[PDB]
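In what follows, a single structure is set out as structure tokens and then discussed.
No lab work stands behind these numbers, since they all come straight from the coordinates. Note: ideal-geometry Cβ built from the backbone for every residue, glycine included; neighbour counts use all protein chains shown.
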Amino acid sequence: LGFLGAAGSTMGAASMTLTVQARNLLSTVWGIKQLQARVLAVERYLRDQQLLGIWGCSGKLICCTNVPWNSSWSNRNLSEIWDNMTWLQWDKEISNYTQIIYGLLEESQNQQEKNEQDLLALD
Amino acid sequence: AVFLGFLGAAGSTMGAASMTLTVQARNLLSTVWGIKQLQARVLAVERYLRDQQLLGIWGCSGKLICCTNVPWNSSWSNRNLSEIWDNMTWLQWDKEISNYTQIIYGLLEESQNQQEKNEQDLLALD
Amino acid sequence: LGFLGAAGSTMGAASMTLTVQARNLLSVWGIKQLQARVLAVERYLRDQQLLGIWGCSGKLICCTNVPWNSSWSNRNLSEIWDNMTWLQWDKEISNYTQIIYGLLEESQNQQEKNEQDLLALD
Amino acid sequence: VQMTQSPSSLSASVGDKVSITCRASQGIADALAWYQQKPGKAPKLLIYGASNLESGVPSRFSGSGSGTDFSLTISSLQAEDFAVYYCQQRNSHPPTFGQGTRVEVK
Amino acid sequence: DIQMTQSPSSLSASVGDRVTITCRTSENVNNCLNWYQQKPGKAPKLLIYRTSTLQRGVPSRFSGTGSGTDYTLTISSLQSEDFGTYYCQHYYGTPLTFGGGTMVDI
Amino acid sequence: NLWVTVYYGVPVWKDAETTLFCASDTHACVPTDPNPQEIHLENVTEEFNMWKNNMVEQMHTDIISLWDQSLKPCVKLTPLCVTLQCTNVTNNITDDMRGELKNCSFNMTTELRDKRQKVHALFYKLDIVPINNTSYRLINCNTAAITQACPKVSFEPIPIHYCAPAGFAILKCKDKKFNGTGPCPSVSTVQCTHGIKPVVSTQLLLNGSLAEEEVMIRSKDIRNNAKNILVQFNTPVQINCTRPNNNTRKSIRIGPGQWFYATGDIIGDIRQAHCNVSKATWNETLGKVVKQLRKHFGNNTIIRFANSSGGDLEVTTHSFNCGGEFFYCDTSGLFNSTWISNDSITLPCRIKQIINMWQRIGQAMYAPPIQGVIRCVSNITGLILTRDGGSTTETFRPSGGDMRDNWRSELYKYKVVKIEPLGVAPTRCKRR
Amino acid sequence: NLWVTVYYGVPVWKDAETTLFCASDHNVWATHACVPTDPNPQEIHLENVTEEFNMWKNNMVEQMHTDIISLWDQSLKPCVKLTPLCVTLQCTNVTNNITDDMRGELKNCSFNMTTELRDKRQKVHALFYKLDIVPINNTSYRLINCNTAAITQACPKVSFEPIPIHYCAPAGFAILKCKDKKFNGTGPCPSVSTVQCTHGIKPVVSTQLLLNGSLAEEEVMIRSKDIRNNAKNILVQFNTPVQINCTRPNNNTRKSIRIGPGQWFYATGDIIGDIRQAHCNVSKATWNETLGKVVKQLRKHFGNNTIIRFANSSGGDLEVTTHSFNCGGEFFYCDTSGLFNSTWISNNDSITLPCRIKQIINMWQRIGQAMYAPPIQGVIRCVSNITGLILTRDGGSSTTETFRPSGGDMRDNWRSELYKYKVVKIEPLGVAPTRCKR
Ligand SMILES: *[C@@H]1O[C@H](CO)[C@@H](O[C@@H]2O[C@H](CO)[C@@H](O[C@@H]3O[C@H](CO)[C@@H](O)[C@H](O[C@H]4O[C@H](CO)[C@@H](O)[C@H](O)[C@@H]4O)[C@@H]3O)[C@H](O)[C@H]2NC(C)=O)[C@H](O)[C@H]1NC(C)=O
Ligand SMILES: *[C@@H]1O[C@H](CO)[C@@H](O[C@@H]2O[C@H](CO)[C@@H](O[C@@H]3O[C@H](CO)[C@@H](O)[C@H](O[C@H]4O[C@H](CO)[C@@H](O)[C@H](O)[C@@H]4O)[C@@H]3O)[C@H](O)[C@H]2NC(C)=O)[C@H](O)[C@H]1NC(C)=O
Ligand SMILES: *[C@@H]1O[C@H](CO)[C@@H](O[C@@H]2O[C@H](CO)[C@@H](O)[C@H](O)[C@H]2NC(C)=O)[C@H](O)[C@H]1NC(C)=O
Ligand SMILES: *[C@@H]1O[C@H](CO)[C@@H](O)[C@H](O)[C@H]1NC(C)=O
Ligand SMILES: *[C@@H]1O[C@H](CO)[C@@H](O)[C@H](O)[C@H]1NC(C)=O
Ligand SMILES: *[C@@H]1O[C@H](CO)[C@@H](O)[C@H](O)[C@H]1NC(C)=O
Ligand SMILES: *[C@@H]1O[C@H](CO)[C@@H](O)[C@H](O)[C@H]1NC(C)=O
Ligand SMILES: *[C@@H]1O[C@H](CO)[C@@H](O)[C@H](O)[C@H]1NC(C)=O
Ligand SMILES: *[C@@H]1O[C@H](CO)[C@@H](O)[C@H](O)[C@H]1NC(C)=O
Ligand SMILES: *[C@@H]1O[C@H](CO)[C@@H](O)[C@H](O)[C@H]1NC(C)=O
Ligand SMILES: *[C@@H]1O[C@H](CO)[C@@H](O)[C@H](O)[C@H]1NC(C)=O
Ligand SMILES: *[C@@H]1O[C@H](CO)[C@@H](O)[C@H](O)[C@H]1NC(C)=O
Ligand SMILES: *[C@@H]1O[C@H](CO)[C@@H](O)[C@H](O)[C@H]1NC(C)=O
Ligand SMILES: *[C@@H]1O[C@H](CO)[C@@H](O)[C@H](O)[C@H]1NC(C)=O
Ligand SMILES: *[C@@H]1O[C@H](CO)[C@@H](O)[C@H](O)[C@H]1NC(C)=O
Ligand SMILES: *[C@@H]1O[C@H](CO)[C@@H](O)[C@H](O)[C@H]1NC(C)=O
Ligand SMILES: *[C@@H]1O[C@H](CO)[C@@H](O)[C@H](O)[C@H]1NC(C)=O
Ligand SMILES: *[C@@H]1O[C@H](CO)[C@@H](O)[C@H](O)[C@H]1NC(C)=O
Ligand SMILES: *[C@@H]1O[C@H](CO)[C@@H](O)[C@H](O)[C@H]1NC(C)=O
Ligand SMILES: *[C@@H]1O[C@H](CO)[C@@H](O)[C@H](O)[C@H]1NC(C)=O
Ligand SMILES: *[C@@H]1O[C@H](CO)[C@@H](O)[C@H](O)[C@H]1NC(C)=O
Ligand SMILES: *[C@@H]1O[C@H](CO)[C@@H](O)[C@H](O)[C@H]1NC(C)=O
Ligand SMILES: *[C@@H]1O[C@H](CO)[C@@H](O)[C@H](O)[C@H]1NC(C)=O
Ligand SMILES: *[C@@H]1O[C@H](CO)[C@@H](O)[C@H](O)[C@H]1NC(C)=O
Ligand SMILES: *[C@@H]1O[C@H](CO)[C@@H](O)[C@H](O)[C@H]1NC(C)=O
Ligand SMILES: *[C@@H]1O[C@H](CO)[C@@H](O)[C@H](O)[C@H]1NC(C)=O
Ligand SMILES: *[C@@H]1O[C@H](CO)[C@@H](O)[C@H](O)[C@H]1NC(C)=O
Ligand SMILES: *[C@@H]1O[C@H](CO)[C@@H](O)[C@H](O)[C@H]1NC(C)=O
């Protein structure tokens, strides 16, 4: 389907093409703009990688967490998310709750979890 | 805000400050006038990647707290756990251990992960 | 010993200096250095992205579940690791490098991660 | 940061619209909150973030302002709104409060 | 004004002899001493600045030390080019002052 | 046994020098203002040194660069280094102003490159020098490149916020008694500094920050007679400066769309520029300064204030830009007292149009005349003083001229540090 | 049962063309913009590594040439322009204590130029070299190409002394150095090492003779793109230096004449003492021994019974017909007909080379640009050593070969130093079969 070809696909079907989009995140007048474009692409790629690192998701495109889903973020069932919705619609639905989820992923795992692994690997 | 709480634990003990590792991590990455800005942005990127590369070499990629197989040498610091984790901050620790930091890093590379990965290569072999 | 010191060594002996080469990939006269620094970073990140999408993030030696095809090279291990250098190997299989990369992307991430995604429930 | 709150002696009827304002000695963006204290009672937080209203507080209260200039507007001053109101900044440590505006019944 | 006592006022030495010149100040100058060589008819040549930093172009034969109020200039081997009047100078404040000057003769 | 445990995200930092970027709300800066928010670093005591603060050298370098990039596209006054035929202006001249302004005639090239025209302009005495006869030339017009400032570009200082690159942080000293060096027990981390106005002045620090509690006396080495003393006031002293003359602007075309803006004439009386300060407020302010100086020089020491001993006009007078005009005010009426253990003080002011800012060789700027009457009110927030040195009496005089000492008076509570997110420490946790 | 194993940090590289930067331990080449060098450079021998080198396609030469041009242009950009001097000059001969050879070489030229004020003019004088002046038609003269080239005065404070430049690779790239003492510029190099940066290469600009720089480790090297093609240059690298002592014996003064607001034109003023011709000396024995070595090496490609003749340049630009160089800011054009004048048939004292001096030069053969070299006060003496030659063969196929000096393409000067280096890119990622299964 190529880059963003799954944009109109359901979230489930679109989740099997994650590498297609991942491969396209890195790659006087017209000289300066080219360098700025290169630096911006690198900074945004790394911002996403930094967040994956903080959440304990480094090196993975699909990462499972220890943060439960709060029904106030969305009360839809799985058949109404993965089978009957696209990722653009989902992003529209989860907007006000993105920072809450990110804060919980940062606090509830890879921080408390790493201290717990630090203690478990102690014995 | 991403800036909120940045370095708040700097004066806290090493144990308490170890519970804020994501707060100080999430704020590390983000004409000559234009060139000066590009150099600052590139430098922030280069420093981030050098620290991540060191974590990779030591087998600690993706971790905020990483346990190793390098024994602690009493010649580096002979303090006990109460003195280090409950009665000292990370700035004081860094001042004490900076003379041994390159030795420790050298051991993290030479004394473990190069040997651990070569052994894991042989355990997945059977 | 040293950066590229093992370049003339066999693949086996040369596999012991991966950190020696890896640690030297990140580190008029003003814009040339800025472009050189950006280029070093982009090349580094493209290689790290490939390692990531293959499930090899954070590793210098990474074992996979992709079988070796004798059509890529029919040499035994003795003639690859003990009697060959990495420059010779790179030359010998350059025609198959992208095929291998495609297989690594398909089976070492897309299939493996969905399988792990399912094993975390049952 | 020093906070100056004014007027200190506001009076109004039970049906009037009132506005209580304050000034920061330094700009504080929107890092400001408003509190309500009944005599003999615990202060209640009304507004945080300058413009944000807390759950449990009616839409009757509204905040506005930025930088150094902040205000609290009450669209209809009902009998339960005659209290000492406080202006508080949290932009720089220590937290500081204004002197308070005591709203009186004419 | 900070006064400078330089000793000996006159020193006789031959070629190859080790020569030490002492400058004692009335107040602490915080290692702000300079040494100069003045040949007859010429402006003084700077030898040492900031107590012990050697001026580029001056041979390693000249070395200085000292602290507080007591500073020393040492010539490890007196050569034919090293005869003349040696002065100490302090730059710790104003006025800048010079010592009396020690003449090194044959 | 203990094992090495690697931590990432460690709140550790080392002193560092790095290029800072500017937040604002020019185009060389970042728009949208910085966030004021600061994080308090409880139990963090940090050593500061305002005299070794690299932020001052960058602010100085950047202010000079912004100046140079502001004058570069403006008209260069190269065809004006010609013989001037100057006579005195005798129209409604007060006693002070006789000889200060001259009516100078000259032959200027018109828009046609093959034609000349006779024009005239008024110049201040300080801007012209004799040739030998009425023959005068613009001061240093043959030894420096005089560039006319664009009349549409204002010289009003706008606060500039200095911000750390990511991976760095700015630490602020919150200790109200911080004297510029040593440990600061109350420190906070910020992304950007407060809005610092790029005010250019000598002797008196204008439109700066006030001391939180009491007047601060800060010096690199108070016992070193050759160092400057920065005095930070805890109350402002208001100074009202004016250019009472009603001036006109005479536009003389010199090139293909390039105009020279000359003083045309003056409407009404010609009077000297001057500044007023309240006499009582100034005397109270000096009483506070003396109280603080005696803490270093002795309770029984007589503190004398005197005027500048000499030097460039920029430092013998109080130099400042008031509404686009460059004032050089005589402060001998301000620093004239002996302190033993309402009304106003009026300071005459000279005005110049040819300004050699930063004392560079081969460069000068011409300030276009400002039409009308100028009146600005500034707050004096501090002094730059020097001591005479070599008993029982100390004499203090106004100093300055090095703008770093002005920036340094604002950038004294800040330092830039580098964040060191990696660290190692012993724990009992073992891998595998 | 073999599986694909991914390795990162693999010692593999490929040829690459990238941007190089400089390191160095004001000047024209803006060496203050270079990074500091490694206090202890790490040259790492690549044992059992044989690499193919080709000095003739080495992209480091084109990149260094480009850098030299750009540095030159930004160095002169802020300097005083000399467009007000393209005026009629009234020139007479200098007759003050002039030798028989310095007759007509230096002209005392008067002209009307503005002074401190824009309206006031003065009659001013300068002594110009004959080569910098072209007749207008009666004593009326003008500066050479003053109306066809924009002459820029070099800043007297920016040194022309070559400072070593170390070319450094971006991270992820490496420079490979050829350690084969007999390497002739192309083909396999069995002894290769990897370096962080090149050695310090002085950007010495000269023709015919290569001054300063690297010597051959064992014997004189004859390197050419195609030795059988007589249209190609031959780069001769010496194993022993030949010392050349060059001087400008006149005691010159600098007459600073105001040309603009804070801008001065620097004229040669007057000469103190007498006026003698500039010259260079080489030892006859050292030069003859050096040519004997060159002939012995040329016979390895030309025949052991072939007569090797040296002759002077057949003609061309002054920069090529003479030995062009810069000593202390003065530009010398020395007649090398006394150096390349011999016939070698198979079987103490010194050579003085007359030199002319120019102030208006055009380096890199650019159209519309020229530089005025300001006078250097006093008397110039410089001692340089010759580390090689640029020769061209007459060919024309005879039992005799004739070699003449050549030059003018400065790439050949850089190439003579950047011959043992190549830039490669590192390919740290690779795959190989192992029995290890995930
Ligand atoms: C220290 O701080 C004081 C207090 O702010 C400051 O004084 C102020 O300076 C500004 C700038 O000069 C003054 O504003 C000017 O007022 C005059 C009055 O007529 C106007 O003509 C000016 O307008 C000019 O620029 C406009 C730009 O759009 C043009 O449209 C116009 O035609 C004019 O060219 C300008 O508005 C202000 O009045 C004073 N205020 C007081 C109380 O003095 C002082 O400058 C600061 N000093 C230093 C050294 O930083
Ligand atoms: C090959 O290398 C040799 C050896 O380095 C080199 O010869 C050297 O040239 C320099 C450049 O002129 C000489 O140094 C000069 O010596 C004179 C002596 O009168 C001084 O006056 C010069 O100082 C002036 O210029 C300086 C420029 O930086 C100023 O800083 C200074 O204030 C003066 O204005 C300058 O020091 C040096 O003496 C020779 N070395 C020898 C041994 O002769 C030669 O040039 C190189 N080959 C080529 C073709 O360039
Ligand atoms: C700042 O220092 C105080 C004083 O040591 C720390 O608090 C004390 O120590 C622990 C908590 O760290 C408590 O058990 C004590 O009761 C505290 N006593 C007092 C008097 O505070 C405090 O934790 C530190 N705070 C930070 C943010 O580092
Ligand atoms: C678009 O929707 C149709 C069904 O309406 C579906 O068959 C098709 O796969 C969708 N396109 C993509 C790209 O998923
Ligand atoms: C999910 O919820 C929707 C909305 O009520 C419902 O129509 C649908 O049948 C549900 N599906 C499943 C599998 O529970
Ligand atoms: C966020 O809340 C606003 C109302 O405050 C609402 O309009 C918007 O749809 C919400 N965002 C979502 C549902 O993504
Ligand atoms: C500890 O370090 C010392 C030197 O500091 C060394 O001699 C010793 O062998 C080391 N011991 C261990 C157990 O690492
Ligand atoms: C650690 O050492 C300190 C000495 O400063 C001692 O007082 C304390 O009892 C020790 N604690 C342990 C657990 O060894
Ligand atoms: C580190 O080593 C230096 C000498 O290089 C020494 O002066 C200092 O005291 C040492 N510090 C520690 C904490 O060991
Ligand atoms: C080079 O080859 C020789 C001969 O096989 C071998 O002994 C030596 O170890 C090799 N060295 C390297 C660095 O490859
Ligand atoms: C190996 O590759 C060949 C083509 O190169 C292909 O036809 C064959 O199916 C492959 N076999 C395996 C086991 O991958
Ligand atoms: C692999 O093949 C080669 C043929 O070139 C043979 O000589 C060698 O002995 C083989 N190695 C093993 C381990 O069988
Ligand atoms: C100055 O002189 C000009 C003649 O050049 C005259 O027209 C003008 O009125 C004079 N202005 C003053 C103020 O004297
Ligand atoms: C500043 O305070 C420090 C405190 O250590 C003191 O030593 C120093 O003398 C003071 N300097 C001035 C100028 O007050
Ligand atoms: C200063 O005070 C004098 C008092 O006589 C007054 O005449 C003058 O107008 C004042 N000027 C300013 C600028 O305040
Ligand atoms: C300056 O002007 C203000 C306002 O016009 C006035 O109140 C004050 O008295 C004047 N003098 C001083 C010294 O501020
Ligand atoms: C300083 O005051 C003296 C009188 O004590 C006066 O003669 C001199 O001109 C004044 N200098 C300045 C620069 O004000
Ligand atoms: C200084 O004060 C004295 C009185 O103490 C006065 O006579 C004199 O005029 C004053 N000088 C200046 C320059 O203000
Ligand atoms: C200056 O004089 C002109 C004369 O036309 C008058 O209109 C204007 O109001 C005056 N302005 C000031 C500030 O005195
Ligand atoms: C100076 O400080 C006073 C403090 O009361 C303030 O009101 C005023 O706006 C400030 N600025 C000026 C120009 O007076
Ligand atoms: C000339 O070559 C010799 C090699 O014997 C070297 O010592 C000398 O420094 C060289 N001269 C220059 C100017 O490089
Ligand atoms: C350089 O050496 C190669 C070796 O293969 C040879 O073919 C070539 O002819 C040589 N060229 C010259 C100019 O000696
Ligand atoms: C060259 O040789 C001649 C010998 O005839 C000598 O007199 C002259 O001074 C020499 N010049 C130089 C520059 O070596
Ligand atoms: C050049 O000629 C001028 C007059 O034409 C004369 O004054 C000057 O001395 C001459 N200079 C020389 C060096 O001949
Ligand atoms: C060059 O001059 C030096 C002394 O400055 C002398 O020793 C050397 O022999 C000379 N060389 C030649 C080739 O004349
Ligand atoms: C070359 O030498 C001949 C004499 O053999 C001479 O006539 C000619 O001018 C010389 N040419 C050059 C360029 O030196
Ligand atoms: C060349 O050498 C011959 C002697 O073999 C000599 O007569 C002639 O003058 C020389 N020519 C040059 C240009 O040096
Ligand atoms: C040039 O002549 C002057 C005459 O005063 C003399 O002082 C100077 O030393 C001479 N310079 C040289 C290099 O001969």
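Tabulated results
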| read-out | value |
| --- | --- |
| Residue C:1/residue C:79 FRET efficiency (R0 25 Å; Cβ-Cβ; nearest 0.05) | 0.50 |
| Protection-proxy order for peptides E:8-16, D:80-88, G:422-430, each taking the mean of Cβ atoms within 10 Å per residue, highest first | G:422-430, D:80-88, E:8-16 |
| FRET efficiency estimate (nearest 0.05) - Cβ-Cβ, residue E:14 to residue F:296, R0 45 angstrom | 0.30 |
| Anchor residue A:33: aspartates and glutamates whose Cα lies under 18 Å away (excluding residues fewer than 8 positions away in-chain) | A:43, C:42 |
| Inter-label distance for residue F:152 and residue E:58, nm, one decimal - labels placed 7 Å from Cα along Cα-to-Cβ | 5.8 |
| Per the protein assembly as shown, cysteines lacking a partner by the 4.7 Å Cβ criterion | A:64, E:32 |
| Exercise: per-residue mean of other protein chain Cβ atoms within 10 Å, B:4-16 | 6 |
| Paramagnetic reach from residue F:269 in segment F:225-247 [backbone N under 13 Å; point 7 Å along Cα→Cβ] | F:244-246 |
| Protection-proxy order for peptides F:325-332, G:335-342, each taking the mean of Cβ atoms within 10 Å per residue, highest first | F:325-332, G:335-342 |
| Theoretical FRET efficiency, 1/(1+(r/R0)^6), r = Cβ-Cβ of residue F:240 and residue D:4, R0 25 Å, to 0.05 | 0.45 |
| Charge sum, other residues only, whose C-beta stays under 12 Å from residue C:68's C-beta, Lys/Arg counted +1 and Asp/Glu -1 | +3 |
| Euclidean distance between Cα centres, segment C:50-121 to segment B:60-126, Å | 31 |
| Residues in segment E:64-106 reached by a label modelled at residue E:28 [backbone nitrogen below 11 Å; 7 Å Cα→Cβ] | E:68-69 |
| Pairwise label distance in nanometres, residue F:371 with residue A:71, each label 7 Å out on the Cα-Cβ vector | 7.4 |
| Peptide-level mean, for G:163-172, of C-beta atoms on other protein chains within 10 Å | 4 |
| Number of partner chain Cβ atoms within 10 Å, mean per residue of E:1-8 | 1 |
| Spin-label model distance (nm) - residue B:101 vs residue B:33, 7 Å beyond Cα toward Cβ | 3.6 |
| Charge tally in the Cβ shell below 14 Å around residue G:345, where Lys, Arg are +1 and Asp, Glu are -1, residue G:345 excluded | +2 |
| Relative packing of G:351-357, A:49-55, G:282-288, which averages over residues the other C-beta atoms within 10 Å, highest first | A:49-55, G:351-357, G:282-288 |
| Neighbour net charge for residue G:266 - beta-carbon separation under 9 angstrom, K R +1, D E -1 | +2 |
